[PDB]
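J.: Structure file start-v6.cif (mmCIF, N, CA and C atoms) right here:
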data_structure
loop_
_atom_site.label_atom_id
_atom_site.label_comp_id
_atom_site.auth_asym_id
_atom_site.auth_seq_id
_atom_site.Cartn_x
_atom_site.Cartn_y
_atom_site.Cartn_z
N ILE M 148 9.79 -121.18 -8.18
CA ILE M 148 9.16 -120.06 -7.49
C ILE M 148 9.94 -119.75 -6.21
N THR M 149 10.08 -120.72 -5.30
CA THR M 149 10.54 -120.48 -3.93
C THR M 149 11.98 -119.97 -3.84
N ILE M 150 12.89 -120.48 -4.67
CA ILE M 150 14.30 -120.10 -4.58
C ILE M 150 14.56 -118.77 -5.30
N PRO M 151 14.22 -118.60 -6.61
CA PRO M 151 14.18 -117.28 -7.24
C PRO M 151 13.45 -116.16 -6.49
N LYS M 152 12.39 -116.49 -5.75
CA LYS M 152 11.75 -115.52 -4.86
C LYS M 152 12.76 -114.94 -3.86
N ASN M 153 13.56 -115.81 -3.23
CA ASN M 153 14.47 -115.42 -2.16
C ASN M 153 15.67 -114.61 -2.68
N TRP M 154 16.05 -114.77 -3.96
CA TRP M 154 17.29 -114.22 -4.50
C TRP M 154 17.12 -113.36 -5.77
N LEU M 155 16.24 -113.74 -6.70
CA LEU M 155 15.99 -112.93 -7.89
C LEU M 155 15.01 -111.79 -7.62
N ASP M 156 14.00 -111.97 -6.75
CA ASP M 156 13.18 -110.83 -6.34
C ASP M 156 14.07 -109.80 -5.65
N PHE M 157 14.99 -110.28 -4.80
CA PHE M 157 16.06 -109.49 -4.21
C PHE M 157 16.84 -108.77 -5.31
N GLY M 158 17.19 -109.50 -6.37
CA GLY M 158 17.89 -108.97 -7.53
C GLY M 158 17.11 -107.90 -8.29
N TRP M 159 15.77 -107.92 -8.20
CA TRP M 159 14.95 -106.98 -8.94
C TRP M 159 14.42 -105.84 -8.05
N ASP M 160 14.44 -106.02 -6.72
CA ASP M 160 14.51 -104.86 -5.84
C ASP M 160 15.85 -104.16 -6.05
N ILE M 161 16.88 -104.92 -6.45
CA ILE M 161 18.16 -104.35 -6.85
C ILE M 161 18.08 -103.70 -8.24
N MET M 162 17.23 -104.20 -9.15
CA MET M 162 16.88 -103.45 -10.36
C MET M 162 16.27 -102.11 -9.96
N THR M 163 15.47 -102.12 -8.89
CA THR M 163 14.82 -100.94 -8.35
C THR M 163 15.82 -100.04 -7.62
N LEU M 164 16.93 -100.62 -7.11
CA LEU M 164 17.95 -99.93 -6.32
C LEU M 164 18.69 -98.88 -7.15
N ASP M 165 18.59 -98.95 -8.49
CA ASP M 165 19.20 -97.96 -9.36
C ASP M 165 18.72 -96.55 -9.02
N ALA M 166 17.47 -96.42 -8.56
CA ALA M 166 16.98 -95.18 -7.99
C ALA M 166 17.80 -94.80 -6.75
N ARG M 167 17.83 -95.70 -5.74
CA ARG M 167 18.48 -95.50 -4.46
C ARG M 167 20.01 -95.71 -4.53
N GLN M 168 20.61 -95.50 -5.72
CA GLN M 168 22.04 -95.30 -5.93
C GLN M 168 22.31 -94.08 -6.81
N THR M 169 21.26 -93.50 -7.44
CA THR M 169 21.41 -92.33 -8.31
C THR M 169 20.81 -91.07 -7.70
N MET M 170 19.87 -91.20 -6.75
CA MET M 170 19.31 -90.04 -6.07
C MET M 170 20.35 -89.36 -5.18
N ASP M 171 21.41 -90.09 -4.81
CA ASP M 171 22.60 -89.52 -4.20
C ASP M 171 23.13 -88.42 -5.11
N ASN M 172 23.40 -88.80 -6.37
CA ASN M 172 23.93 -87.91 -7.38
C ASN M 172 22.93 -86.80 -7.71
N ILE M 173 21.64 -87.15 -7.86
CA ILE M 173 20.62 -86.16 -8.18
C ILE M 173 20.53 -85.13 -7.06
N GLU M 174 20.52 -85.60 -5.80
CA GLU M 174 20.47 -84.70 -4.66
C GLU M 174 21.76 -83.88 -4.55
N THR M 175 22.91 -84.45 -4.93
CA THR M 175 24.12 -83.63 -5.02
C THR M 175 23.92 -82.53 -6.06
N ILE M 176 23.24 -82.85 -7.17
CA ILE M 176 22.94 -81.88 -8.22
C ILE M 176 21.94 -80.84 -7.73
N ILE M 177 20.92 -81.23 -6.93
CA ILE M 177 20.06 -80.27 -6.24
C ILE M 177 20.95 -79.34 -5.42
N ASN M 178 21.82 -79.94 -4.60
CA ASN M 178 22.70 -79.24 -3.68
C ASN M 178 23.78 -78.45 -4.44
N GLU M 179 23.98 -78.74 -5.73
CA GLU M 179 24.90 -77.99 -6.56
C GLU M 179 24.29 -76.65 -7.00
N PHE M 180 22.96 -76.52 -6.93
CA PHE M 180 22.35 -75.21 -7.16
C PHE M 180 22.74 -74.23 -6.07
N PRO M 181 22.60 -74.54 -4.76
CA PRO M 181 23.16 -73.67 -3.72
C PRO M 181 24.68 -73.73 -3.55
N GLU M 182 25.33 -74.86 -3.90
CA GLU M 182 26.77 -75.02 -3.73
C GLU M 182 27.54 -74.33 -4.86
N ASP M 183 27.14 -74.54 -6.12
CA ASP M 183 27.83 -73.96 -7.27
C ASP M 183 27.22 -72.63 -7.71
N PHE M 184 25.97 -72.32 -7.31
CA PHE M 184 25.30 -71.10 -7.73
C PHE M 184 24.79 -70.25 -6.55
N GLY M 185 24.46 -70.86 -5.40
CA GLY M 185 24.13 -70.12 -4.20
C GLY M 185 25.33 -69.35 -3.67
N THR M 186 26.51 -69.96 -3.85
CA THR M 186 27.80 -69.29 -3.82
C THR M 186 27.77 -68.07 -4.73
N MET M 187 27.43 -68.26 -6.01
CA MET M 187 27.48 -67.19 -7.00
C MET M 187 26.48 -66.06 -6.71
N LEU M 188 25.38 -66.33 -5.99
CA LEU M 188 24.51 -65.27 -5.49
C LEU M 188 25.27 -64.40 -4.50
N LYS M 189 26.04 -65.06 -3.62
CA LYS M 189 26.93 -64.42 -2.66
C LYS M 189 28.17 -63.85 -3.36
N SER M 190 28.27 -64.00 -4.69
CA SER M 190 29.20 -63.26 -5.54
C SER M 190 28.51 -62.07 -6.21
N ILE M 191 27.20 -62.21 -6.50
CA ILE M 191 26.37 -61.13 -7.02
C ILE M 191 26.20 -60.07 -5.93
N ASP M 192 26.27 -60.49 -4.66
CA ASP M 192 26.30 -59.61 -3.50
C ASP M 192 27.49 -58.66 -3.57
N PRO M 193 28.77 -59.13 -3.64
CA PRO M 193 29.90 -58.29 -4.04
C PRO M 193 29.71 -57.37 -5.25
N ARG M 194 29.13 -57.88 -6.35
CA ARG M 194 28.90 -57.09 -7.56
C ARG M 194 27.96 -55.93 -7.27
N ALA M 195 26.89 -56.20 -6.51
CA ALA M 195 25.93 -55.20 -6.06
C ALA M 195 26.56 -54.23 -5.06
N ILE C 148 7.34 -127.95 0.60
CA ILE C 148 7.85 -126.74 -0.04
C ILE C 148 7.09 -125.50 0.44
N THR C 149 5.94 -125.66 1.11
CA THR C 149 5.22 -124.52 1.68
C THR C 149 5.91 -123.97 2.93
N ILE C 150 6.76 -124.77 3.58
CA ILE C 150 7.58 -124.31 4.69
C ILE C 150 8.57 -123.24 4.19
N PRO C 151 9.35 -123.47 3.11
CA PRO C 151 9.97 -122.38 2.36
C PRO C 151 9.05 -121.20 2.00
N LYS C 152 7.82 -121.46 1.52
CA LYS C 152 6.91 -120.38 1.12
C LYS C 152 6.52 -119.51 2.31
N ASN C 153 6.53 -120.10 3.52
CA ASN C 153 6.30 -119.41 4.78
C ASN C 153 7.50 -118.53 5.12
N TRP C 154 8.64 -119.17 5.41
CA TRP C 154 9.78 -118.52 6.06
C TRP C 154 10.60 -117.67 5.09
N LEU C 155 10.74 -118.11 3.83
CA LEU C 155 11.60 -117.42 2.88
C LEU C 155 10.97 -116.10 2.40
N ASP C 156 9.64 -115.96 2.49
CA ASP C 156 8.94 -114.84 1.86
C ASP C 156 9.06 -113.55 2.67
N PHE C 157 8.67 -113.57 3.95
CA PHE C 157 8.92 -112.42 4.80
C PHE C 157 10.42 -112.31 5.07
N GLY C 158 11.12 -113.45 4.97
CA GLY C 158 12.57 -113.51 5.02
C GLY C 158 13.23 -112.66 3.94
N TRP C 159 12.78 -112.80 2.68
CA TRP C 159 13.38 -112.03 1.59
C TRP C 159 13.09 -110.53 1.68
N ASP C 160 12.07 -110.14 2.46
CA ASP C 160 11.83 -108.74 2.77
C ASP C 160 12.95 -108.13 3.63
N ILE C 161 13.93 -108.92 4.08
CA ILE C 161 15.20 -108.33 4.51
C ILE C 161 16.04 -108.06 3.27
N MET C 162 16.24 -109.08 2.42
CA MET C 162 17.13 -109.03 1.27
C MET C 162 16.72 -107.94 0.27
N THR C 163 15.48 -108.01 -0.24
CA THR C 163 14.93 -107.06 -1.20
C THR C 163 15.03 -105.63 -0.67
N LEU C 164 14.56 -105.44 0.57
CA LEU C 164 14.25 -104.10 1.05
C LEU C 164 15.48 -103.43 1.66
N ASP C 165 16.33 -104.18 2.37
CA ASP C 165 17.47 -103.61 3.08
C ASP C 165 18.54 -103.09 2.13
N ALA C 166 18.70 -103.75 0.97
CA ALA C 166 19.62 -103.31 -0.07
C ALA C 166 19.26 -101.89 -0.52
N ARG C 167 17.98 -101.52 -0.38
CA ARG C 167 17.46 -100.22 -0.77
C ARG C 167 17.44 -99.26 0.42
N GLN C 168 17.03 -99.73 1.61
CA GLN C 168 16.86 -98.85 2.76
C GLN C 168 18.21 -98.42 3.35
N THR C 169 19.21 -99.31 3.33
CA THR C 169 20.55 -98.99 3.79
C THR C 169 21.24 -98.05 2.80
N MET C 170 20.98 -98.23 1.50
CA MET C 170 21.61 -97.40 0.49
C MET C 170 21.05 -95.97 0.47
N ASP C 171 19.74 -95.77 0.71
CA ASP C 171 19.16 -94.43 0.75
C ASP C 171 19.59 -93.69 2.01
N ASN C 172 19.74 -94.41 3.13
CA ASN C 172 20.43 -93.87 4.29
C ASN C 172 21.80 -93.35 3.87
N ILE C 173 22.55 -94.16 3.11
CA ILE C 173 23.85 -93.76 2.58
C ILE C 173 23.73 -92.57 1.62
N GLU C 174 22.74 -92.55 0.72
CA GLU C 174 22.56 -91.47 -0.25
C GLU C 174 22.33 -90.13 0.46
N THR C 175 21.43 -90.14 1.45
CA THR C 175 21.12 -88.97 2.25
C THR C 175 22.31 -88.58 3.12
N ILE C 176 23.00 -89.56 3.71
CA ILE C 176 24.21 -89.31 4.50
C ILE C 176 25.27 -88.63 3.64
N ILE C 177 25.50 -89.16 2.42
CA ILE C 177 26.47 -88.58 1.51
C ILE C 177 26.03 -87.17 1.11
N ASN C 178 24.72 -86.92 1.11
CA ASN C 178 24.20 -85.60 0.77
C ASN C 178 24.41 -84.57 1.88
N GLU C 179 24.94 -85.00 3.04
CA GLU C 179 25.48 -84.05 4.00
C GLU C 179 26.68 -83.30 3.40
N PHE C 180 27.49 -83.99 2.57
CA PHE C 180 28.77 -83.48 2.09
C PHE C 180 28.60 -82.29 1.13
N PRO C 181 27.68 -82.33 0.12
CA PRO C 181 27.25 -81.14 -0.61
C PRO C 181 26.70 -79.97 0.21
N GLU C 182 26.66 -80.12 1.54
CA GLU C 182 26.29 -79.04 2.45
C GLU C 182 27.41 -78.75 3.46
N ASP C 183 28.21 -79.75 3.84
CA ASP C 183 29.41 -79.56 4.63
C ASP C 183 30.43 -78.80 3.78
N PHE C 184 30.94 -79.46 2.74
CA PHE C 184 31.77 -78.83 1.72
C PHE C 184 30.99 -77.75 0.99
N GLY C 185 29.66 -77.92 0.91
CA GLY C 185 28.74 -76.88 0.48
C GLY C 185 28.97 -75.58 1.23
N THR C 186 28.92 -75.63 2.57
CA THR C 186 29.11 -74.44 3.39
C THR C 186 30.55 -73.93 3.31
N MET C 187 31.53 -74.81 3.05
CA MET C 187 32.90 -74.37 2.85
C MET C 187 33.04 -73.54 1.58
N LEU C 188 32.47 -73.98 0.45
CA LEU C 188 32.47 -73.19 -0.78
C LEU C 188 31.64 -71.92 -0.59
N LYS C 189 30.50 -72.03 0.10
CA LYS C 189 29.63 -70.90 0.44
C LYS C 189 30.24 -69.98 1.51
N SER C 190 31.47 -70.25 1.99
CA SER C 190 32.19 -69.36 2.91
C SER C 190 33.34 -68.64 2.21
N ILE C 191 34.00 -69.36 1.29
CA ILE C 191 35.07 -68.85 0.44
C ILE C 191 34.55 -67.71 -0.44
N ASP C 192 33.30 -67.82 -0.91
CA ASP C 192 32.67 -66.81 -1.75
C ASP C 192 32.41 -65.52 -0.96
N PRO C 193 31.64 -65.50 0.16
CA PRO C 193 31.40 -64.27 0.92
C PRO C 193 32.62 -63.62 1.58
N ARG C 194 33.76 -64.33 1.63
CA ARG C 194 35.00 -63.71 2.08
C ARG C 194 35.42 -62.60 1.12
N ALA C 195 34.99 -62.68 -0.15
CA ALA C 195 35.28 -61.68 -1.16
C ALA C 195 34.51 -60.37 -0.95
N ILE O 148 1.38 -119.30 4.57
CA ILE O 148 1.65 -118.34 3.50
C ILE O 148 0.87 -117.05 3.77
N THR O 149 -0.41 -117.18 4.16
CA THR O 149 -1.30 -116.05 4.38
C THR O 149 -0.94 -115.28 5.65
N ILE O 150 -0.46 -115.97 6.69
CA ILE O 150 -0.09 -115.36 7.97
C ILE O 150 1.06 -114.36 7.80
N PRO O 151 2.21 -114.71 7.16
CA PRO O 151 3.20 -113.71 6.76
C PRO O 151 2.61 -112.55 5.96
N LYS O 152 1.79 -112.84 4.95
CA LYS O 152 1.17 -111.81 4.11
C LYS O 152 0.30 -110.85 4.92
N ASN O 153 -0.28 -111.34 6.02
CA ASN O 153 -1.12 -110.57 6.93
C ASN O 153 -0.28 -109.79 7.95
N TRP O 154 0.79 -110.40 8.50
CA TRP O 154 1.56 -109.86 9.63
C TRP O 154 3.01 -109.53 9.28
N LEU O 155 3.74 -110.46 8.65
CA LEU O 155 5.20 -110.46 8.62
C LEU O 155 5.79 -109.81 7.36
N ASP O 156 5.14 -109.94 6.19
CA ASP O 156 5.52 -109.18 5.01
C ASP O 156 5.36 -107.69 5.33
N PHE O 157 4.17 -107.34 5.84
CA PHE O 157 3.86 -106.07 6.50
C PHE O 157 4.93 -105.73 7.53
N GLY O 158 5.23 -106.68 8.42
CA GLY O 158 6.21 -106.52 9.49
C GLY O 158 7.63 -106.23 9.00
N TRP O 159 7.99 -106.72 7.81
CA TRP O 159 9.35 -106.60 7.31
C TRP O 159 9.51 -105.38 6.41
N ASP O 160 8.41 -104.90 5.83
CA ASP O 160 8.37 -103.52 5.38
C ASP O 160 8.34 -102.59 6.59
N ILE O 161 7.89 -103.09 7.75
CA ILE O 161 7.99 -102.34 9.00
C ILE O 161 9.45 -102.35 9.49
N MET O 162 10.20 -103.43 9.22
CA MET O 162 11.65 -103.38 9.41
C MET O 162 12.27 -102.40 8.41
N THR O 163 11.63 -102.23 7.24
CA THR O 163 12.02 -101.25 6.23
C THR O 163 11.53 -99.85 6.59
N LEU O 164 10.73 -99.72 7.65
CA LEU O 164 10.31 -98.42 8.17
C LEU O 164 11.39 -97.81 9.07
N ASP O 165 12.43 -98.59 9.40
CA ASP O 165 13.54 -98.11 10.22
C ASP O 165 14.31 -97.00 9.50
N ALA O 166 14.59 -97.19 8.20
CA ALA O 166 15.13 -96.11 7.39
C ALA O 166 14.13 -94.97 7.31
N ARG O 167 12.82 -95.28 7.28
CA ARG O 167 11.77 -94.26 7.24
C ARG O 167 11.49 -93.72 8.64
N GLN O 168 12.56 -93.65 9.46
CA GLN O 168 12.68 -92.84 10.66
C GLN O 168 14.06 -92.17 10.66
N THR O 169 15.09 -92.93 10.24
CA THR O 169 16.47 -92.46 10.09
C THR O 169 16.56 -91.37 9.03
N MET O 170 15.79 -91.50 7.95
CA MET O 170 15.87 -90.66 6.76
C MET O 170 15.50 -89.21 7.08
N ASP O 171 14.45 -88.99 7.88
CA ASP O 171 14.14 -87.68 8.46
C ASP O 171 15.36 -87.14 9.19
N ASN O 172 15.85 -87.90 10.18
CA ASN O 172 16.91 -87.48 11.08
C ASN O 172 18.17 -87.11 10.31
N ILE O 173 18.57 -87.97 9.36
CA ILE O 173 19.73 -87.73 8.51
C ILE O 173 19.50 -86.50 7.64
N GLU O 174 18.29 -86.35 7.08
CA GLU O 174 17.97 -85.17 6.29
C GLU O 174 17.97 -83.91 7.16
N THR O 175 17.59 -84.03 8.44
CA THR O 175 17.72 -82.89 9.34
C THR O 175 19.19 -82.54 9.50
N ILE O 176 20.07 -83.55 9.51
CA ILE O 176 21.51 -83.34 9.63
C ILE O 176 22.06 -82.75 8.33
N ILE O 177 21.53 -83.17 7.16
CA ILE O 177 21.82 -82.50 5.89
C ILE O 177 21.47 -81.02 6.03
N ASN O 178 20.37 -80.74 6.74
CA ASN O 178 19.87 -79.40 6.99
C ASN O 178 20.65 -78.67 8.10
N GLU O 179 21.24 -79.39 9.06
CA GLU O 179 22.02 -78.79 10.13
C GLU O 179 23.24 -78.06 9.57
N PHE O 180 23.70 -78.49 8.40
CA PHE O 180 24.76 -77.81 7.67
C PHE O 180 24.29 -76.43 7.20
N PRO O 181 23.29 -76.28 6.28
CA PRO O 181 22.81 -74.95 5.90
C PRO O 181 22.06 -74.18 6.99
N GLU O 182 21.71 -74.85 8.10
CA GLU O 182 21.17 -74.20 9.29
C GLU O 182 22.30 -73.53 10.06
N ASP O 183 23.14 -74.33 10.73
CA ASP O 183 24.21 -73.83 11.58
C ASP O 183 25.37 -73.31 10.74
N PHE O 184 26.04 -74.19 9.98
CA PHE O 184 27.19 -73.80 9.18
C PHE O 184 26.80 -72.79 8.11
N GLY O 185 25.54 -72.85 7.66
CA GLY O 185 24.95 -71.93 6.69
C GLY O 185 24.65 -70.55 7.26
N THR O 186 24.23 -70.48 8.53
CA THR O 186 24.13 -69.18 9.20
C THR O 186 25.51 -68.67 9.59
N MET O 187 26.46 -69.59 9.82
CA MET O 187 27.81 -69.23 10.25
C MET O 187 28.65 -68.72 9.07
N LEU O 188 28.15 -68.87 7.83
CA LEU O 188 28.67 -68.12 6.69
C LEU O 188 28.55 -66.63 6.98
N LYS O 189 27.45 -66.23 7.63
CA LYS O 189 27.23 -64.86 8.07
C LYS O 189 27.93 -64.57 9.41
N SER O 190 28.82 -65.47 9.86
CA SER O 190 29.87 -65.10 10.80
C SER O 190 31.16 -64.80 10.03
N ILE O 191 31.45 -65.61 9.01
CA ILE O 191 32.63 -65.46 8.16
C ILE O 191 32.54 -64.16 7.35
N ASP O 192 31.31 -63.76 7.00
CA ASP O 192 30.97 -62.53 6.29
C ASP O 192 31.33 -61.29 7.12
N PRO O 193 30.74 -61.01 8.31
CA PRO O 193 31.14 -59.85 9.10
C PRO O 193 32.56 -59.89 9.65
N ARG O 194 33.15 -61.09 9.77
CA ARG O 194 34.56 -61.24 10.12
C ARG O 194 35.42 -60.73 8.97
N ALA O 195 35.01 -61.04 7.73
CA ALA O 195 35.64 -60.52 6.53
C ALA O 195 35.43 -59.01 6.41
#
Transcribe the structure of this file into structure tokens.
T.:
Amino acid sequence: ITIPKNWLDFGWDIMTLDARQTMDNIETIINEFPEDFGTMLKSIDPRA
Amino acid sequence: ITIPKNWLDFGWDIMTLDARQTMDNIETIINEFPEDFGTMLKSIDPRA
Amino acid sequence: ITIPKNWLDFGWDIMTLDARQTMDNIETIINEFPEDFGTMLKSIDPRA
């Protein structure tokens, strides 16, 4: 109990860390809507 | 072994939690770049 | 065992509350890009 608590629970908060290493990418993908397409709205502005 | 159960438990709340809290700081920090370089792409477009 | 569970486990998620002050600030900085640099696209626009 005591030793796995200190290091494997840490390891399974690290199982949980997969969120807090992928939300970087997901938020970049959020930001890709204004970056890759919010740009393109400012291209629809030229078209208009 | 209860002395370990005392000190190691709130102790591991550095290990478990910091691996996540430092990384989300990093995820959000990195998400500045989809807005820094974001605004650079969003400037190249309206130049047209 | 119970004293950490009452004060220090709580306390070390409170050490984990440090990111839950930084995270706002960093996200405001993520926002300072589409705020300042994002309004300054509309400097690059009339300059164009």
J.: Sort by chain and increasing residue number a table of all residues of chain C within 7 Å of region 154-171 of chain O, each with its closest pair of atoms and their distance in Å to one decimal, counting only N, CA and C atoms, and write it as CSV.
T.:
residue,atom,partner,partner_atom,distance
C:156,C,O:156,CA,6.1
C:157,CA,O:156,CA,4.7
C:158,N,O:155,C,6.9
C:160,C,O:159,C,5.2
C:161,N,O:159,CA,6.1
C:164,C,O:163,CA,6.1
C:165,N,O:163,CA,6.5
C:168,C,O:166,CA,5.6
C:169,N,O:166,CA,6.6
C:171,C,O:170,CA,6.8
C:172,CA,O:170,CA,6.1
J.: Can you state the RMSD, in Å, between chain O and chain M once they are superposed by least squares on every Cα paired in order?
T.: 0.7 Å
J.: CA of residue 185 (chain C) and CA of residue 192 (chain O) are how many Å apart?
T.: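 Between CA of residue 185 (chain C) and CA of residue 192 (chain O) the gap is 15.6 Å.
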J.: Taking the file above as input, evaluate the PyMOL selection byres (((chain C and resi 177-180 and name CA) around 9) and name CA) and report the hits as a list in words.
T.: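 With the PyMOL selection byres (((chain C and resi 177-180 and name CA) around 9) and name CA) on this model, the match is residues 171, 172, 174, 175 and 178 of chain M; 172, 173, 174, 175, 176, 181, 182, 183, 184 and 185 of chain C; 173, 174, 176, 177, 178, 179 and 180 of chain O.
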J.: Just how far from atom C of residue 189 (chain C) is atom C of residue 193 (chain O), in Å to one decimal?
T.: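 Between atom C of residue 193 (chain O) and atom C of residue 189 (chain C) the gap is 13.2 Å.
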J.: Suppose a student applies the PyMOL selection byres ((chain O and resi 148) around 7) to this structure; what residues should they get, written as a PyMOL selection string?
T.: (chain C and resi 149+152-153) or (chain O and resi 149-153)
J.: Measure the distance from CA of residue 188 (chain O) to CA of residue 191 (chain M) in Å and round it to one decimal.
T.: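 One can read the CA of residue 188 (chain O) to CA of residue 191 (chain M) distance as 15.6 Å.
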J.: If you run DSSP on this backbone, which residues of chain O come out as alpha helix (DSSP H), and could you give them as a ChimeraX atom specification?
T.: /O:149-150,156-162,166-179,185-186,188-194
J.: Please produce an output containing N, CA and C atoms for each residue in the selection, written as a tab-separated table (two decimals), keeping the file's coordinate frame.
T.:
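The result, stored in selection.tsv:
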chain	number	residue	atom	x	y	z
O	149	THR	N	-0.41	-117.18	4.16
O	149	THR	CA	-1.30	-116.05	4.38
O	149	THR	C	-0.94	-115.28	5.65
O	150	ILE	N	-0.46	-115.97	6.69
O	150	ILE	CA	-0.09	-115.36	7.97
O	150	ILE	C	1.06	-114.36	7.80
O	156	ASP	N	5.14	-109.94	6.19
O	156	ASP	CA	5.52	-109.18	5.01
O	156	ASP	C	5.36	-107.69	5.33
O	157	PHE	N	4.17	-107.34	5.84
O	157	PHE	CA	3.86	-106.07	6.50
O	157	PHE	C	4.93	-105.73	7.53
O	158	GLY	N	5.23	-106.68	8.42
O	158	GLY	CA	6.21	-106.52	9.49
O	158	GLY	C	7.63	-106.23	9.00
O	159	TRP	N	7.99	-106.72	7.81
O	159	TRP	CA	9.35	-106.60	7.31
O	159	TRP	C	9.51	-105.38	6.41
O	160	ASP	N	8.41	-104.90	5.83
O	160	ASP	CA	8.37	-103.52	5.38
O	160	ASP	C	8.34	-102.59	6.59
O	161	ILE	N	7.89	-103.09	7.75
O	161	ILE	CA	7.99	-102.34	9.00
O	161	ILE	C	9.45	-102.35	9.49
O	162	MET	N	10.20	-103.43	9.22
O	162	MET	CA	11.65	-103.38	9.41
O	162	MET	C	12.27	-102.40	8.41
O	166	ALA	N	14.59	-97.19	8.20
O	166	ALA	CA	15.13	-96.11	7.39
O	166	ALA	C	14.13	-94.97	7.31
O	167	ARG	N	12.82	-95.28	7.28
O	167	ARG	CA	11.77	-94.26	7.24
O	167	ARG	C	11.49	-93.72	8.64
O	168	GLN	N	12.56	-93.65	9.46
O	168	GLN	CA	12.68	-92.84	10.66
O	168	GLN	C	14.06	-92.17	10.66
O	169	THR	N	15.09	-92.93	10.24
O	169	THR	CA	16.47	-92.46	10.09
O	169	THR	C	16.56	-91.37	9.03
O	170	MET	N	15.79	-91.50	7.95
O	170	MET	CA	15.87	-90.66	6.76
O	170	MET	C	15.50	-89.21	7.08
O	171	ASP	N	14.45	-88.99	7.88
O	171	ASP	CA	14.14	-87.68	8.46
O	171	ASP	C	15.36	-87.14	9.19
O	172	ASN	N	15.85	-87.90	10.18
O	172	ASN	CA	16.91	-87.48	11.08
O	172	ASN	C	18.17	-87.11	10.31
O	173	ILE	N	18.57	-87.97	9.36
O	173	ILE	CA	19.73	-87.73	8.51
O	173	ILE	C	19.50	-86.50	7.64
O	174	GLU	N	18.29	-86.35	7.08
O	174	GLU	CA	17.97	-85.17	6.29
O	174	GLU	C	17.97	-83.91	7.16
O	175	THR	N	17.59	-84.03	8.44
O	175	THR	CA	17.72	-82.89	9.34
O	175	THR	C	19.19	-82.54	9.50
O	176	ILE	N	20.07	-83.55	9.51
O	176	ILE	CA	21.51	-83.34	9.63
O	176	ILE	C	22.06	-82.75	8.33
O	177	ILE	N	21.53	-83.17	7.16
O	177	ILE	CA	21.82	-82.50	5.89
O	177	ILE	C	21.47	-81.02	6.03
O	178	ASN	N	20.37	-80.74	6.74
O	178	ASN	CA	19.87	-79.40	6.99
O	178	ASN	C	20.65	-78.67	8.10
O	179	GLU	N	21.24	-79.39	9.06
O	179	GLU	CA	22.02	-78.79	10.13
O	179	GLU	C	23.24	-78.06	9.57
O	185	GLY	N	25.54	-72.85	7.66
O	185	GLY	CA	24.95	-71.93	6.69
O	185	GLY	C	24.65	-70.55	7.26
O	186	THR	N	24.23	-70.48	8.53
O	186	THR	CA	24.13	-69.18	9.20
O	186	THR	C	25.51	-68.67	9.59
O	188	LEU	N	28.15	-68.87	7.83
O	188	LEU	CA	28.67	-68.12	6.69
O	188	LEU	C	28.55	-66.63	6.98
O	189	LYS	N	27.45	-66.23	7.63
O	189	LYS	CA	27.23	-64.86	8.07
O	189	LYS	C	27.93	-64.57	9.41
O	190	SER	N	28.82	-65.47	9.86
O	190	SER	CA	29.87	-65.10	10.80
O	190	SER	C	31.16	-64.80	10.03
O	191	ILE	N	31.45	-65.61	9.01
O	191	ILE	CA	32.63	-65.46	8.16
O	191	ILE	C	32.54	-64.16	7.35
O	192	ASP	N	31.31	-63.76	7.00
O	192	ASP	CA	30.97	-62.53	6.29
O	192	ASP	C	31.33	-61.29	7.12
O	193	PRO	N	30.74	-61.01	8.31
O	193	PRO	CA	31.14	-59.85	9.10
O	193	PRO	C	32.56	-59.89	9.65
O	194	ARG	N	33.15	-61.09	9.77
O	194	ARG	CA	34.56	-61.24	10.12
O	194	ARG	C	35.42	-60.73	8.97
